[PDB]
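Since the structure comes first, as C-alpha cells, the remarks are kept for the end.
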Amino acid sequence: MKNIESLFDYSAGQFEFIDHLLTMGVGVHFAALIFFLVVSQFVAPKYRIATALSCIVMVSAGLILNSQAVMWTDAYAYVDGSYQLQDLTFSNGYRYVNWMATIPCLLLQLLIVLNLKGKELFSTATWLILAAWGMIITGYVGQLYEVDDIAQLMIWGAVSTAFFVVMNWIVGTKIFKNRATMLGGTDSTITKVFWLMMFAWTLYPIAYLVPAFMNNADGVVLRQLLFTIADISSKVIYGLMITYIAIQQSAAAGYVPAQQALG
Amino acid sequence: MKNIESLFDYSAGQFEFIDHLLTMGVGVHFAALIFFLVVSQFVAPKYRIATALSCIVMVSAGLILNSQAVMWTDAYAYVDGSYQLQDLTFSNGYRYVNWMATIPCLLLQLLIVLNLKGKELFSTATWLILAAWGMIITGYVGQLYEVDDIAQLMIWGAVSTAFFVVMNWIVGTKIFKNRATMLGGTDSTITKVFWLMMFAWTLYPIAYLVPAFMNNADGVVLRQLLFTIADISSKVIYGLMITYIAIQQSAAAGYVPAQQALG
Amino acid sequence: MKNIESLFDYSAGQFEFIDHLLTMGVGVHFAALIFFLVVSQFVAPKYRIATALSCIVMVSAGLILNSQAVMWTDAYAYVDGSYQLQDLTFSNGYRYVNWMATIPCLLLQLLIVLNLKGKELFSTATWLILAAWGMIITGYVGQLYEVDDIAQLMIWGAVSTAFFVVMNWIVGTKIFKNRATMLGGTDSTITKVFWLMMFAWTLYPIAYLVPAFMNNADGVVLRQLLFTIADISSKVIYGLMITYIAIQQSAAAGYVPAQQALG
Amino acid sequence: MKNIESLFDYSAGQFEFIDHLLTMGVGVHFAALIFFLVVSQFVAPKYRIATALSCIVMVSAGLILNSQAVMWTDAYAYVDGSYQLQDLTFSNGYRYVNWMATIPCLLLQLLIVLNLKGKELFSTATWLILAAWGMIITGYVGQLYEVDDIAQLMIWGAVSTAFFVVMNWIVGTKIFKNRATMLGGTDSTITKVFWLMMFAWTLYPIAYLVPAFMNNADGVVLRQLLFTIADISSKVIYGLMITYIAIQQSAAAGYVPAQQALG
Amino acid sequence: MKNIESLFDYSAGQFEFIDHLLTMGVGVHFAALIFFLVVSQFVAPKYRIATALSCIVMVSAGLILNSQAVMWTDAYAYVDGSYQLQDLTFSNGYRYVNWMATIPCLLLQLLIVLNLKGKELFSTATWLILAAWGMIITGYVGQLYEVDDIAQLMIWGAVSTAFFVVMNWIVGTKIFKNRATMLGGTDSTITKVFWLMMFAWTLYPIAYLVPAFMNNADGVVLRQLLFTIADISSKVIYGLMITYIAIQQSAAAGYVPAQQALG
Ligand SMILES: CCCCCCCCCCCCCCCCCC(=O)OC[C@H](COP(=O)([O-])OCC[N+](C)(C)C)OC(=O)CCCCCCCCCCCCCCCCC
Ligand SMILES: CCCCCCCCCCCCCCCCCC(=O)OC[C@H](COP(=O)([O-])OCC[N+](C)(C)C)OC(=O)CCCCCCCCCCCCCCCCC
Ligand SMILES: CCCCCCCCCCCCCCCCCC(=O)OC[C@H](COP(=O)([O-])OCC[N+](C)(C)C)OC(=O)CCCCCCCCCCCCCCCCC
Ligand SMILES: CCCCCCCCCCCCCCCCCC(=O)OC[C@H](COP(=O)([O-])OCC[N+](C)(C)C)OC(=O)CCCCCCCCCCCCCCCCC
Ligand SMILES: CCCCCCCCCCCC(=O)OC[C@H](COP(=O)(O)OCC[N+](C)(C)C)OC(=O)CCCCCCCCCCC
Ligand SMILES: CCCCCCCCCCCC(=O)OC[C@H](COP(=O)(O)OCC[N+](C)(C)C)OC(=O)CCCCCCCCCCC
Ligand SMILES: CCCCCCCCCCCC(=O)OC[C@H](COP(=O)(O)OCC[N+](C)(C)C)OC(=O)CCCCCCCCCCC
Ligand SMILES: CCCCCCCCCCCC(=O)OC[C@H](COP(=O)(O)OCC[N+](C)(C)C)OC(=O)CCCCCCCCCCC
Ligand SMILES: CCCCCCCCCCCC(=O)OC[C@H](COP(=O)(O)OCC[N+](C)(C)C)OC(=O)CCCCCCCCCCC
Ligand SMILES: *C/C=C(C)/C=C/C=C(C)/C=C/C1=C(C)CCCC1(C)C
Ligand SMILES: *C/C=C(C)/C=C/C=C(C)/C=C/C1=C(C)CCCC1(C)C
Ligand SMILES: *C/C=C(C)/C=C/C=C(C)/C=C/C1=C(C)CCCC1(C)C
Ligand SMILES: *C/C=C(C)/C=C/C=C(C)/C=C/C1=C(C)CCCC1(C)C
Ligand SMILES: *C/C=C(C)/C=C/C=C(C)/C=C/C1=C(C)CCCC1(C)C
Ligand SMILES: CCCCCCCCCCCCCCCCCC
Ligand SMILES: CCCCCCCCCCCCCCCC
Ligand SMILES: CCCCCCCCCCCCCCCC
Ligand SMILES: CCCCCCCCCCCCCCCC
Ligand SMILES: CCCCCCCCCCCCCCCC
Ligand SMILES: CCCCCCCCCCCCCCCC
Ligand SMILES: [Cl-]
Ligand SMILES: [Cl-]
Ligand SMILES: [Cl-]
Ligand SMILES: [Cl-]
Ligand SMILES: [Cl-]
Ligand SMILES: [Cl-]
Ligand SMILES: [Cl-]
Ligand SMILES: [Cl-]
Ligand SMILES: [Cl-]
Ligand SMILES: [Cl-]
C-alpha cells in the first residue's frame, strides 16, 4: 500500500461524506465549462486565450474527479456495518499527474491578462512551467512514502516546496510590477486574485501533510475536503475572476460586445 | 445508517416508481440545457449572464440526479419478492452538498433581471450567498440525525430555517422595491416568479421532515416525489421564467434579435 | 410484479430483436438532435422556438430509451437456452413519466407554427397541457394493473382516453381553423402533419392494451415494436415536418437564410 | 442461437483483433462528426443539408458500433486459454436495424448535390427509401437462418439482392443523367463517388454470405473486418467526398466562405 | 498470450502509476479538443482545415485512451498484495489500429500549412498515406510476436522501419523546400515543428522494442510512460504548434480576427 486512504475502514457517514464531496466537484467543473463557453464571446480576441485556458482546466479536472469518484465507490463495500477495501486500491496520484497539465494552464492565463507580450511572455511562461513540473514530480515521489517512510515524505516535501517558493516569487513579481498598466480599474481586482491564489494554493501542501499529523480516517476525511475546496477555489473561482478581469479590460480597450455586456 | 432510505425494503411498484422519477429528472435537466443554449442568442448581452447561470444549474443538477439514479439501482436487488439493500448504502446528502453551488446561481440570476447594478449587486449577492451557505450547512448536519436522534434533526432544522427566513426576506425586499423599474410589462411576470419560488422552495423543508412524520417506505416514496417536483419547479420552470423576463426586457431596450424573437 | 415483461422467458431471437429495436431508438433520437441544431439557423427567430422544442424532445426521449436499453440487458441472462429474469425487474413506466415533459413540447411546437399568438397561445397551451397530464397520470395508474387486474386496466384506460379525445379535439379545431393563414403553401403540409399525429399517437393506446389481447412473450415483442415506431413517428418524423413547415413560412416572410436554404 | 459468432471460441489474438476493429470504428465515426460540424460553415445553405445528413449518419453509426463493442467484451471471457461465451449472446442484427435510418440519409445526401429539386427530388427519394427498406427487412429475416437453415439464408438473400439492384439502377441513372449539370468541375468527382459506392456497398452482401462459405472463427474474423472497412468507406469516406463536392459547387455559385476556404 | 503486459504481476505502485498515466492522457486529449474549437475562429478559412484535423485526432486518440484505461482496471484485480490478471487480457493493439486513421490526419495538417496546393497536395498526400499504412500494418503483425518469437518481432520491425524512413524523407523534403515561402516569420516555427516530430515519433519504435531489451513489469511501466509522452507530444503539442503557425500566416495574409487575436 502507498496511500493511507487504503489503510482504513469508514463509517457510513464518513464514507458517504467523501462520496458527496467528490460527486459535487465533478459537476461544478463541467458546469463552469458551459459558462466559460457562453461568456467567451464578450472577451476581446487579444484576451480570449485566457478564457479558452479555463475551458481546458475545467474539462481536465472534471474528468479526473469523475475517475476518483468512481474508484471510491468501486474500491470499497459495506460489510458488517463499515465500508472496507475490496480487490482494488484507492490513490490520490491521479491528481498529481493531472497537475502536470493544469498548473501551466492556470499560470498562463494570469500572464495573458497581466498584458505580458512576446519575449517576456514566452520567457516567464518557460520558467513557470519548469518550476511547476519540478514541484509536481518531486511531490509525486514524496507521496509514495506516506505509508512507509514519513521521513522520506518530508524530505521530498521540502524539495517540492523549494520550487513552490520560486514559482510564487516570479508570479508576485510580475503581478506587482504590471498592476499599474491594468485597464478598466482591474488593478484592484488583480490583487484580490493574487490573494485568492495564495490561500487556495496553500491548502494543497497542507493536504500533503495530513499523513504526518493525522494518520486515520478523520485525516482521510479532512484531506478529501481540503482537496475539494482547493479545487473549487484554485480553478473555478479563479477562472471566474480572470474572465471578469478580461471583460473589464476588453471594454476599456473599446470592444463593443464587452461594453454591451457591462451596459 | 444515516438515512431512512437505507432502513426499508421496497415493493417492485414503490421501487420502480422512485426509479422512474429519478430517471426523468435527469433528462429534463439535460434537455432544458439545450434550450437555454439555443435561445440565449435572443437575450441582450447585458442580461445574457442570467441565461448562462441557468446552464450552470442545469448541468450541475443533471449530473447529481444521474448519480442518485445509478446509486438507487446499485444499492438494491430484487430478492424474495422485494427490493433489499446490498453492500452499498443510499443517501440524499448528494443534493445537500450540490445546493452549495446551485442556490447562489439561482439567486444571482434573479438579481440580474431585477436590474440591480454595482455596489448594490455585489452587496446583496454577498449577503444572499452567506445566508444560503448557512441554511445548507446546518441542514446537512441536521439530516445526519434522521435515523438516530429526531430531537437533533429538529434543532438543526430550526437554525436552518432561521437563515431561510433572512434569505426570503432580502429577496422579497429587492423584488417589491424594484418591480416598478421593470421593462416590457415584466412587473407582472416577476411577481409570478416570486410566488413560484415560495412554493417550490418550501417543498424542500417538508421533504426534510418526512422522517419525523412518516418513517416508512411510503414516506421514502413521498420524499423522492417532493424532491422531484421541487427540482423541476425551482430550477427548470424558474429558469424558463427568468429567460422570458430577460427577452421581454431585452426587446423593450431595443435589442433587435429579441424584437424579432417576439415578432 | 407490475409489468408482463417480467413474467416471461425469451428465446435468443425474441430477446435479441427487442435489444435491436431499443438500441436503434437511442441513436435515431441523438442523431436527429444534431440535425435540428444545424438547420435551426435557417428558421426565422419568430419560429425558432419550434425547432428548439424538438431538441428538447430528442434529448429527453433519447436518454429514456438509453435507460430502458441498459435495463433490458441487465435484468435478463441467458441460462439453459433462454433469457430469464435475474435480480432486477423491467418496466415501461419510464416512458410514461417522461411523457409528462415531452407531450407538452410536442403540442407547443404545433401551436407556434400555426401562428397562434398571445392570449390564444397561452390559453390553448394551458388547456392542452392539463389535458395531457390528465391522460398520462391516469394511464400510469392503469398500467400498474396489467398483471393483477385487467378490469382495472380497462377502467383507467377509459378515463385516460377521455382526456385523449378532448386533446385531439382542441388540436384539430386549431389546425383546421388556422390552416388558411399558413404561409408558403404549408396549408397542405400542416394537414399531413395532423394525419401523422393521428396514426402515431394511436399506437400508444394499442400498446397499452396488449396485456389484454396478447399476454405472452410475442405480445411483449409487439409492444416494444409498437413503441419504437410510435416514438420515431411521433417525435423524429413529426419534428422534421414541423421544421420544414417553419422554414417554408420563414422564407415567405422574407428571411434570407430560409430563402437561400431553399434556393 | 441465431448468429455464428455465438457458436465458436476464439484465440486471444482473434478475439483481440475483433475488439481492436470495433473500438477503432467507434472513434472514426465520432471524430468525423466534429469535422463535418466545423467545415459545414463553408457550404452554401442550398447544400448544407447534405453535410447535416453526414452528421446524422456519423452519430447513429458511432453509437451502434459502441454497443457492439461493449457487447463483444461482455459476452465472452478468457477461460482455459480461450475466449468463450458466457450468459449473454452476440449478434450483428444491431447493424441491420440501424440501416433502416442510415441508408436513407446516405442516399438523400447524393440527390442533394446532384442538384435534383422538388417533385423529382421527392419522387426519387420515396422510391429509393422503399427499395432500401425492402432490401434491409428481407436481409434481416435472412440472417436469422445463418445457423439453422443455409437454404433459407440464400433464399432471402436473393430477394434482398433484388431490391439492391433496383436501388443501384436508379442511383446510376440519376448520376449519369445529371453529371453534366454539375458545377466547379465536380462531374469528375461525382463519378469517383459512384465507384466508391459500388465497392463499399458490395462488401455488405459478401459479409452476409460468410456463414455459407466460411463457418468458423476465421470466418467470424473476416466478417467483422469486412463490416469495418465497409462502414469506413460507405459512411466516412463517402461523407468526405460529398462534402468536398458541395464546397466546390458552393464556390462556383459564388458563396464567399466557400471561395475563401479554397483560396 | 500476445502482449507481455498480460505475462506479469504488478505492485500497487506500478499498477497505480500506469493507471495514473492512462487517465491523464484521456483528459489532455479531450481538453485540447475544446481549445482547438475555440481558437479555430481566428484562423483564416484557407487554413481552417488544419485546425479541424487536430479536432479529429484529439477525439479519436482520446477515445482509445479511454478504452485502454478501462481495460487496465478490468483486466486486473488486487489479490494477495499484487495485481494479477483475471478473465480478460490486455493489449496495445488498440493503438496500432487507431494510427491507421490518425497518422494521415497528422501528416495532412502539416502539408496544409506548408502551403502545398492542388496536384502537389493530392500527390504527396497519397504517397504519405500509403507509406504510413505500410509502416502500421507491418508493425501490428510484428507485435503479435512479442511473447513468442522475438526474431519475428525484429524482422517485421525492420520492414516497418523501411516505410518510416521513406515517410520521414518526404516530410523533410517538403519542409525544407517550402520553409522560405512561409508567412509571418513561421519559417523559424516550422523547423521547431520538424524537430518535435523527429523526437516524438521516435519514441514509438523504442516502445516497440522494450520486449527485446526489458521483458518485465518495469519494462511494461516504461512502455506505458513512453506511449504517454509520445501521444502528448505527437498530437497535442504538435497540434498547438500547427495552429499557432496557421494563425501567424493568417494574420500576415490580412485576416482581421487573426490580427486582433495577436494585437
Ligand atoms: C460550490 C461552492 C462552494 C465551495 C466552497 C468554495 C470556497 C469559497 C471560496 C472563497 C470565495 C472567494 C470570493 C472571491 C470574490 C472576489 C470579489 C470580487 O471582487 O470579485 C471579483 C470581481 C469584482 O471585484 P472588484 O475588486 O472589481 O470589486 C468590484 C465591486 N464593485 C463592482 C461593486 C465596484 O467580480 C467578479 O465577478 C469575480 C468573480 C465573482 C466571484 C464568484 C463568486 C464567488 C463565490 C460564489 C459561489 C461559488 C460557487 C459557484 C460556482 C459555480 C460556477 C460553475
Ligand atoms: C425542459 C423541460 C420542459 C418543461 C417541463 C415541464 C413541462 C411544462 C410545464 C408547464 C409549462 C412551463 C412553464 C412555463 C414556462 C414559462 C412561461 C414564460 O415564458 O413566461 C411566463 C408566463 C408569462 O406570464 P405574464 O405575467 O406575462 O402573463 C401571461 C402572458 N400573456 C400576457 C402573454 C398571456 O407566465 C406563466 O405562464 C406562468 C408560468 C407558471 C407555470 C407554473 C408551473 C409550476 C408547477 C409545475 C409543476 C410540474 C413539475 C413536475 C412535472 C413537469 C413535467 C416534467
Ligand atoms: C474522419 C477521419 C479520417 C478517416 C480516414 C483516414 C484515412 C484517409 C484515407 C482516405 C481519406 C481521403 C479521402 C477523401 C478525400 C477528400 C475528397 C477530396 O477532396 O476530393 C476527392 C478527390 C478529388 O478528385 P477529383 O475528381 O476532384 O480530381 C482530383 C482533384 N485535384 C485536381 C484537385 C487534384 O478524389 C480522390 O482523391 C478519391 C479519394 C477516395 C478514395 C478513398 C480510398 C479508400 C477506400 C477504402 C479503403 C480504406 C478504408 C479503411 C482504412 C481505415 C482508415 C481509418
Ligand atoms: C504537458 C502535459 C502532461 C505532461 C507531459 C509533458 C509533455 C511532454 C514533454 C515534451 C514537451 C516538449 C515541448 C516543446 C514545445 C516548445 C516549442 C515551442 O513552443 O516553440 C515556441 C513556439 C514559437 O517559437 P518561434 O519559432 O515563433 O520563436 C518564438 C516566438 N516569439 C518571438 C514570438 C517569442 O511557440 C509556439 O509554437 C506557440 C504555442 C506552442 C507552445 C505550447 C507548448 C506547451 C508546452 C508545455 C505543455 C503544457 C501543457 C500541455 C497540455 C495542454 C492541454 C491542452
Ligand atoms: C463569499 C461570498 C462572496 C461571493 C459574491 C461575489 C459577488 C457576486 C458576483 C457579482 C455579480 C456579477 O459578477 O455579475 C455579472 C457582472 C455584471 O455586473 P457589473 O457590470 O459590474 O455591474 C455594474 C453595471 N454598471 C457598469 C452599469 C454600473 O459581470 C458581467 O456582466 C460579466 C460577466 C462575467 C463575469 C463573471 C461573473 C461570475 C458570476 C458567477 C458566480 C456564480
Ligand atoms: C399548466 C401550465 C401552463 C403554462 C403554459 C405556458 C405556455 C407557454 C407560453 C408560450 C411560450 C412560447 O413558446 O413562446 C413565447 C414567446 C412568444 O410570446 P408572444 O406572446 O407570442 O409574443 C407576442 C406578444 N403579443 C401577443 C402581445 C403580440 O416566444 C419567445 O420567443 C419567448 C422565449 C421563450 C421563453 C421560454 C418559454 C418556453 C417554454 C416552453 C417549454 C414548455
Ligand atoms: C432522411 C432524413 C430526412 C431529412 C430531410 C428532411 C428535413 C427537412 C428539413 C428542411 C430543410 C430544407 O431546407 O429542406 C429543403 C430541401 C430541398 O427541397 P425543396 O427546397 O423543397 O426543393 C426545391 C423546391 N423548388 C423546386 C420549389 C425550388 O428538402 C429536403 O431535403 C427534403 C428531402 C425529401 C424528403 C424525402 C421524403 C420521402 C419519404 C418517403 C417515405 C417512404
Ligand atoms: C484524412 C483526410 C480527411 C480530411 C480531408 C477531407 C477534405 C474534404 C473537405 C474539403 C475542405 C477543403 O476546402 O479542402 C481544401 C483542400 C484542397 O483545396 P485547397 O488546397 O484549398 O485548394 C486547391 C488548390 N487550387 C485551388 C489551386 C486548385 O482539400 C484537401 O485537403 C484535399 C484532401 C487531401 C488529399 C486527399 C488524400 C489522398 C487520398 C488517398 C488515400 C488512399
Ligand atoms: C500551454 C497550453 C496552451 C498554450 C497556447 C498555445 C498557442 C496556440 C494558439 C495561439 C493563439 C494566439 O493568437 O496566440 C498569441 C499569443 C502570443 O501573442 P500575444 O500574446 O498577442 O503577444 C503579442 C506580441 N507578439 C506579436 C510579438 C507575439 O500566444 C500565446 O499566448 C502562446 C503562449 C506562449 C507560451 C508558451 C510556453 C512554452 C512552453 C515551453 C516549456 C517547456
Ligand atoms: C488545480 C490544482 C492546483 C492549483 C494545484 C496546486 C498544487 C500545489 C501547489 C502543490 C504543492 C505541493 C508542494 C509545494 C509540496 C508538497 C507536495 C505538493 C506537490 C502537493
Ligand atoms: C435546486 C435547489 C434548491 C432551490 C434548493 C433549496 C433548498 C432549501 C430551501 C433548503 C432548505 C432547508 C430548510 C429551510 C430547513 C431544513 C433544511 C433545508 C436545507 C432542507
Ligand atoms: C412521444 C410520446 C407521445 C406522443 C406519447 C403519446 C401517448 C399517448 C397519446 C398515450 C395515450 C394513452 C391513452 C389514450 C389510453 C391508455 C393510456 C395512454 C397513456 C397510453
Ligand atoms: C452504412 C451502411 C450501408 C451503406 C449499408 C448497406 C447495406 C447493404 C447494401 C446490404 C445489402 C444486402 C444485400 C444486397 C443482400 C444480403 C442482405 C444485405 C442486407 C446484407
Ligand atoms: C499519434 C500517433 C503517432 C504519431 C504514431 C506514430 C507511430 C509510429 C511512428 C510507429 C512506428 C513503428 C515503427 C517505425 C517500427 C516498429 C513498429 C511501429 C509501427 C511502432
Ligand atoms: C492467432 C491469430 C493472430 C491474430 C489474427 C488476426 C491477424 C491480424 C493481422 C491483420 C493485419 C493487421 C491489420 C491492421 C489494420 C487494421 C485494418 C482496419
Ligand atoms: C458522522 C460523520 C460525518 C462527517 C461529515 C460531516 C461534515 C459536516 C460539514 C458539512 C459541509 C457541507 C459543505 C461542503 C463543502 C464544499
Ligand atoms: C522537469 C522539471 C525539473 C525542474 C527544472 C528546473 C527549472 C526550475 C527553476 C527555474 C527558475 C528560473 C527562474 C529564472 C528567471 C527569474
Ligand atoms: C404503487 C407505488 C406508487 C405509485 C404512484 C402512482 C401515482 C402516479 C404518479 C403520476 C405519474 C408521474 C408523476 C410525475 C411527476 C413529475
Ligand atoms: C425468432 C423471432 C424473432 C422476431 C423478429 C423478426 C422481425 C422481422 C424484422 C423486422 C424488420 C426490422 C425493422 C424495424 C425498425 C423500425
Ligand atoms: C507525463 C507525466 C509523468 C508524471 C511524472 C510522475 C513522477 C514519476 C516517478 C515515479 C514513478 C513510479 C514508479 C512505481 C513506484 C513503485
Ligand atoms: Cl483583441
Ligand atoms: Cl487537476
Ligand atoms: Cl446588452
Ligand atoms: Cl442541486
Ligand atoms: Cl423573425
Ligand atoms: Cl418520451
Ligand atoms: Cl445558398
Ligand atoms: Cl449503421
Ligand atoms: Cl481564407
Ligand atoms: Cl492513436
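Below, read A as the first sequence line, B as the second, and so on, with proteins coming before strands; counting in each chain starts at 1. Worth knowing before you read on, the calculation uses all heavy atoms, side chains too, and leaves out hydrogens, waters and symmetry mates. Each ligand, and each atom within it, is numbered from 1 in the order the structure gives.
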Please give the N or O to N or O pairs under 3.5 Å between ligand 2 and the protein, distances rounded to 0.1 Å.
from: ligand 2; atom 1: 26 (O); to: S188(B); atom 2: OG; distance (Å): 2.7
from: ligand 2; atom 1: 26 (O); to: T189(B); atom 2: OG1; distance (Å): 3.3
from: ligand 2; atom 1: 26 (O); to: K192(B); atom 2: NZ; distance (Å): 2.9
from: ligand 2; atom 1: 27 (O); to: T189(B); atom 2: OG1; distance (Å): 3.1

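- The backbone N or O of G134(C) sits less than 3.5 Å from a side-chain atom of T138(C), completing a donor-acceptor pair.
- A donor-acceptor contact under 3.5 angstrom links the side chains of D231(C) and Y204(C), judged on distance only.
- Between the side chains of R48(C) and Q41(C), no donor N or O sits under 3.5 Å from an acceptor N or O.
- Rounded to the nearest 0.5 Å, atoms NZ (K174(B)) and CG (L107(B)) are 12.0 Å apart.
- Under the side-chain hydrogen bond (donor to acceptor under 3.5 Å, both in side chains) criterion, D19(B) pairs with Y94(C), sequence neighbours left out.
- Residues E5(B) and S91(B) bring no donor and acceptor atom of their side chains to less than 3.5 Å of each other.
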